[PDB]
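> coords below, sequence missing:
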RNA sequence: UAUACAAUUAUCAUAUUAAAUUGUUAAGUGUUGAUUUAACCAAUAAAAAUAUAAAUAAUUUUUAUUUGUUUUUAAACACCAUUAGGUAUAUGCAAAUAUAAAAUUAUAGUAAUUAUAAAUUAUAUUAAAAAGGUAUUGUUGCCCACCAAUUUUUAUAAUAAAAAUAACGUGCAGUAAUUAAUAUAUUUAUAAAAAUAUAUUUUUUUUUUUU
Ligand SMILES: [Mg+2]
Ligand SMILES: [Mg+2]
Ligand SMILES: [Mg+2]
Ligand SMILES: [Mg+2]
Ligand SMILES: [Mg+2]
Ligand SMILES: [Mg+2]
Ligand SMILES: [Mg+2]
Ligand SMILES: [Mg+2]
Ligand SMILES: [Mg+2]
Ligand SMILES: [Mg+2]
Ligand SMILES: [Mg+2]
Ligand SMILES: [Mg+2]
Ligand SMILES: [Mg+2]
Ligand SMILES: [Mg+2]
Ligand SMILES: [Mg+2]
Ligand SMILES: [Mg+2]
C-alpha cells in the first residue's frame, strides 16, 4: 500500500488520512508515505513530519505497534516507510512504536537539499501568482474582486 | 431415408475432423474486443488519463 | 418581428440566420400571415411574404364580425373571438382584425394578458387561426338544411 | 367511483356521446334514453342539427342519426 | 459446501473433494439424462455430437443453460432479458415476412421468365433442356439417369457449425458466442 | 494451369514444423498501430473502448 | 437544494404530450 | 390463421394429454423435455394447462423422466417435418424461400 | 412534366373511376388536369378531388352490375387521359403526351405491387423519395 | 435517450390529411371569391356546380378499417 | 415547379414551430447530408443515413436475409464437396478428378446464382424503402419499455384480484426448500402479496 | 396592496366488490486427488416440480382490515467479513406512488425561480449502410460532495436545521463516463458515496413459428 499526496495540504486531510494509514498498519500491510509533488524540499519534509507526528499521536492511544523502516530523501521523491509488528509475541518481545526524531529528519533534510541542488531543480511545481475571484462577504471597507483593500 | 454414411467410417471421421480444424483456424483470425485484449495496466492508465482530463 | 437564430451547418461552421414574422392584409376582406427563417434580413422578409400569400384566408363580410363565439387554440395559445359592439382587442390583434374589414368583432388572447406563452408570433398566429375557424352564417344555414 | 369526482347525468354523457361520435364521423349513435334526453333530441332535430332520431321504447337507450355537411 | 450440478464448483477435484452419487452403470444421472443417441454402426461420434450441439444451440437451450447456470440474476433482469429477446424476435419476424413476400414476387417473375422461354423455344424443347430423357431408347438409359439422380438425392451427413463459447474476463454474459457488446 | 502430369498423391503433411514457435505468441489487434481520431466534438463513445464486452 | 441552475441547458424539443395534456 | 394456435392439437389428442401417456406428452416437448416458448410452438391454453400438469404428475409418479424426452424419435411422425424440397408459402423461414428462388432461377 | 405523373395516377391508381368516356367524368378530369398544370392545385388535392367527384346516384350498387371486385378496365382511362392532354394545349408536339403517359405505365408494370401506393409518398408532402425512387418518374 | 432519427421532421399521422382535402379548398376558395377581389380559378368555376361527395371520410378521423370510405376505390 | 414542395431554397421548408426556434434541423440531419438530400432524409446508398427503417429501428441486416454472407448463410453445394473430401481421404493409389469436375461445374454455376440473388436483394431494398419503411419516423417497438402499457395492463389485473391494492407487487421469493424446512404453523409456500 | 382553476385524457405517498388459503418431495462414496477465480484465501458435495370450477351486481367497513423486514443450519447454496466467524428470506411490528391537484426551493417567513426529449457529437465484421451528451464553435466541455470565513431566517440533535457564497485542501461521484445508471429497502463511511435484496429504463438491440 502506497499513499501519495501533495505538499500543500489542510489540517483536515492530515487528520483523517493519518487515521486511515494507521488503520492500515494495524492490519499488517506495507505503508509508505510519499511526496512526489512539492514546491520546496523543506515544505515536503514539513508535511512528512506533520503526518508522522499526527500518526504517532493517534496510534499510541489505540496502541498499535509499528517500527519506522525507510527514509528516502531524493530529487523527485520525499518518502518514509513504516513496518508493523508481526505477532503478539512480536508485540510483547518488541513493544515499541518507533519513529524518526530530529537527527534523522534534519540529516536526510540536508541530504535532500544537496541532492536537489545537485540536479538544479528544487521542486516539481511551485505556487503561481494568480489570484482567483474571491468574495469575503461582509467587510468594513471597499474590496476588489481578488479580495484586496482599496488604497 | 435414415443416413447414407458413405462406406467406411475412418474415411468420414478424417474429413469431419479436418473441417473442424479449418474452422478453428479461420476463427482465430477474428478481431476481439478492446477490453478482452488489453491488460489492467492500460486500463488504469486510461482511467487516470480520464480523471485528470480537466487540466 | 425580426429575430436572430444560430444555424449550425457543422461543428465548426456557424451561420447567423434571421427570423421574420409578418402579415399581409387588405381591409377589403383578405389577409394572411407568414413566418420564415433565412440567411439575410431581406431574404427572410421575402420568404415570409410568399409564405403569407400561400396561406391567405378570406372572410365573408356579409355579417361584419362573428355571430357566435369562436373558441380555438393555436399551439399553447387559447383564443376567443366573440361578437362585440365595436372592435376591441390588443393593438396588434386589432389592426389584424381591421385587415379583414371586421367592424363588430372583438377578440382576446390567453385570458389574462400576462399568461404564457406570449410572443409576437403567438399573438399573430392565434388571431389568424381563430378567424380561420369561423363559420359564415349562410354556411351555417345551409348546414342545417 | 369516488367522492371528489363529478356526479354524472344522462344529459352529460348524452352530449359527450354525440360530441365524440361527431368527431369520429359516425352515422349512428346509441345514446341514453330519459325524458329530457329524447326531449333534447326532438329539439335538435327541429333545428336541423341532427339528421334524425328514434326511441324504440327500449328502456336504456335510443338512437340518434348525425348530419354532416361540407365534410 | 454442497453445490448443484450445474454450479461452477460442482465436481471438484481436490484432496478434500469427493464426487456425489452412484457414478457408473445405473447412476446418479438415471432419469436426469436430457439426450440419448444410439450410435449407428460405422458412424463417427463427431457427427452425433455436432448434431446434438447444433440442436441445442439453434433452439436456444444451450443459451438458457449457460445463462442461468453461471450467475444469479433477479427476476426483473431475467424478465427484461427474456421479453427483450422475444420482442426483438417479434420485430425480426415482421421483417422476414416482408422479405419473403417480396421473394415470392421475385420467384414469380422468374417462373414467368421461364414461361417466355417456353413460348420462344416451344414446350418440348424446354423440357429437353431440363433433362427430359427423350433420347432414352430403352430402360437401361432410364436406369442410368435415375441412378444418377439416386446418387445425388442420397444425403451425405451434414456437419453443422456450432459457434464457440467466448470466455470473457468477469463474464457479464456466459452466453457469449461473439465479441459484440451486450446490454446485460 | 500449365504442366499437368499423372503423378501420384503424396502423404498429407510431408512438411516438418518450423523452428519458430507460433503457439507462444499473443495476438494484438486494437493498440497495434497508432491511430488518429476523426472525432470532431464531444466525448468518445464509451461502448467502443472504455466498456467491458 | 441549490436554489439555482448550475447547468445552462435548453432543450428545444416540444413533444405534443408535454404541452397539451388535456388531450393526451 | 392461428397466430396462437387454438387448433393445435386436434381434439383426440386432448384425451391422451393426461399423466399416463408419456408418448403424447412427448410430442409437445423439446428433445430435452422443456416446453417450447409460445411464439415458437403455439398451443391452445387448455393443452398448456393439461401438459404442464401432466408432466408434473408423471414425473412425481415416476412415469416420465425429470429431464429428456424418451419418445423423441417415435414422435417425429406426429410433428410436421418439412422437407426442403416442398415449399410452404407460409413460413418464417427465410432460407427456404431464397432456396426455391435459387432453384427456379437456376432452372 | 409532373402532369404526366398525375395523369398516370388517375388512370392506373383508381379502381372503377366510372365510365371515362362519358362527358361528365371526362370534364371532371379535364378541368383538374388544367388545374394541376399552371399550379392552381396540389397534385394530392386534385387527386382527392378526382376520386371524390360526383358521378351517379347509388354508384356502388350500379357497380355491382358490372364489376365483381370493383376493378374496371383501364383502356377508357388512358384514352381519355391522352385525349385531355391533346385538347388542352399541354405539349408543343402532339404525340409526346400520349407517348409519355403510355411509357410511364409500361415501366411500372414490372414492379412489385405496381398499382398501389403508400399514401404519404404517392404525392407532394413534406418528406419525399429520392428522384430515382419516385414512382412514375423518368429516372426509374 | 436515443430516439428514431427523423422524429424532428415526423409528420402528424392523424391530421396531415386535412390540409389537402377537397372540401377545405371549396370552402376557402368559396369565401375568397365571394370577396369580389379574387379572380376564380377555373376548377372552382367547375366544381362550383358539381361539389364533391359528402360522406367520404378518412380512416384517420374515423378509426374503422372496415368502413368502405370511397365509392370509387 | 423545379423541385419538391417540402424543400425550399435554403433547406427543408420549416412547417412546425419547432423548426423556427431550432433551424439547424432544416439544413443538417447528419454527416451524410447534401443539399438535394434534404427532405429525403435517407441518403443515397452505401452512404451515411442510407439505411431504411422498420417501425423506427433501422434495417442493417440485408445480406443476412438472402443468406449471402451470414453465419446461417445458404450453401449451394455440399454433397459435391463432401464427396470429393471422401475421395481424398480414402486412398492415394487411385486419384479421382471426376469428383473435382462435378464440383468445379457446380461452382461455375454458383457465381451467376449469387450475382442474381444480390441483384434481387437490392431490388428488395428499393421496394422496402418505397412501400414499407417509415424513414425512421415511428417509435421503436423492439425493447420492453416501449411496451410498458402492455405490462401495465397485466399489473392492473393482478391488482384487481387483490382487491385493487398492491400494484407492481410480487410474492416474496422463499428459499430453495422453504416447504420442507419449515415447522407446522408457518407459511410453507409464497402467498399473494396482499395476503402476506 | 385589491382586481375570476379545472371538470375529454394531469405519475409519490387518504387504499376498497375482491377467491383465495392449505399440499413431505428431492438429495447423498468411491477412493488418493491442483477445483473456482482476472487474482487472492478458507475447504465433503448433492439436491426440495401438480389444481380448475365456484364465490352474483350496487347502495353507511375510513377509530376496522390491508401493500415483499420473520422460529428451527443439528440443512445447503448465496451474501458479509477474512485462516478463531456472521448471516442464510412473509406468526408480534410496518396505512401509503398508481395518483383530486392551484409557479421552483424551504418542517408552510430564507433564495427568485425550477424542470424539460426528438437539431448538432466518425470507427460496434452486409452482397461501405444501426447508435449516446448535464455540452451549446460543445471533453483542454460542465458538474459533485465534505473541508474556512462570513450573510440571513428561524421548530436549536455527535458539531442544530435551512438558504446565499467567489477561498483552502481532498478526491473524482455524475453526463450509457473507466465495476451502466435510476427508485425503495438494509448495512457501511474522510468526502463524493460503496456493498447486498428487490423493482426499472428518463441504458446502447441484436433477432429458433416444432430441425
Ligand atoms: Mg411572467
Ligand atoms: Mg459453514
Ligand atoms: Mg435552466
Ligand atoms: Mg439533448
Ligand atoms: Mg443517456
Ligand atoms: Mg440526433
Ligand atoms: Mg447517424
Ligand atoms: Mg392522494
Ligand atoms: Mg443565524
Ligand atoms: Mg448550518
Ligand atoms: Mg466518474
Ligand atoms: Mg457509480
Ligand atoms: Mg458509472
Ligand atoms: Mg442508486
Ligand atoms: Mg465513502
Ligand atoms: Mg444509495
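Ah, there it is. Residues are numbered from 1 along each chain as shown, chains lettered A, B, ... in the order given. Ligands and ions are numbered 1, 2, ... in the order given.

> contacts, neighbours, all on C-alpha from now
Will do.

> Can you give me the buried ones in stretch K:166-183?
By neighbour count with 16 or more other CA atoms under 10 Å in any protein chain shown, stretch K:166-183 contains the buried residues K:166, K:167.

> Report the contact partners of residue K:85.
residue B:15 (CA atoms under 8 Å, 6 or more residues apart in numbering or on different chains).

> secondary structure class for it?
Assigned state for residue K:85: helix (three-state reduction, DSSP: H, G, I helix; E, B strand; the rest coil).

> now swap in residue C:24 and tell me
Bear in mind the rule, three-state DSSP; under it residue C:24 is strand.

> I'd say it and residue C:48 touch.
No. Using CA atoms under 8 Å, residue C:24 makes no contact with residue C:48, being 9.7 Å away.

> Report the contact partners of the most centrally placed residue in chain H.
For chain H, the residue nearest the mean C-alpha position is residue H:28 (4.3 Å; CA atoms, centre = their mean). Residue H:28 makes contact with H:35, H:36, according to CA under 8 Å, 6+ apart.

> Tell me which residue in chain E sits closest to chain J.
Using CA to the nearest CA, residue E:183 is the residue of chain E that sits closest to chain J, at 14.4 Å.

> Three-state assignment for that residue, please.
Assignment for residue E:183 (three-state DSSP): coil.

> From residue A:36, how far out is it?
Going from residue E:183 to residue A:36 by CA to CA, to the nearest Å gives 41 Å.

> who's more crowded, these two?
Legend: neighbour count by other CA atoms under 10 Å in any protein chain shown for residue E:183 and residue A:36, higher for residue A:36 (18 against 7).

> Find the nearest non-adjacent residue to the more buried one, please.
residue A:77 (4.9 Å; CA to CA, 6 or more residues apart in numbering or on different chains).

> mind listing what that neighbour touches?
A:34, A:35, A:36, A:37.

> can you confirm residue K:32 is in a helix?
No. Counting by three-state DSSP, residue K:32 is not found in a helix; it is coil.

> Count the residues that sit near it.
Applying other CA under 10 Å, I find that residue K:32 has 15 neighbouring residues.

> I'd like the distance between the closest residue to chain C within chain H and residue K:65.
Scanning chain H for the residue nearest chain C gives residue H:94, at 42.0 Å (criterion: CA to the nearest CA). As judged by CA to CA, residue H:94 and residue K:65 stand 7 Å apart.

> what do those two both touch?
What both residue H:94 and residue K:65 touch, as defined by CA under 8 Å, 6+ apart, is the set E:96, E:99.

> helix/strand/coil for residue K:72?
Residue K:72 ends up coil, using three-state DSSP.

> contacting residues around the residue of chain H closest to chain C?
Per CA under 8 Å, 6+ apart, neighbours of residue H:94: E:96, E:99, E:100, K:65, K:66.

> the strands in chain F, which residues?
For chain F, no strands turn up when DSSP state E is the criterion.

> For chain K, give me its nearest residue in it.
residue F:9 (5.8 Å).

> So between residue C:24 and residue C:48, which is more surrounded?
The residue with more neighbours, out of residue C:24 and residue C:48, is residue C:48; 24 against 17, by other CA under 10 Å.

> element containing that one?
Per DSSP states H and E: residue C:48 is located in helix C:41-54.

> Please apply the same query to residue H:82.
Short version, using DSSP H and E: residue H:82 is in no helix or strand.

> Close to chain C: what parts of chain K are there?
K:10, K:14, K:20, K:21, K:22, K:23, K:24, K:27, K:28 (CA under 8 Å from any CA of the partner chain).
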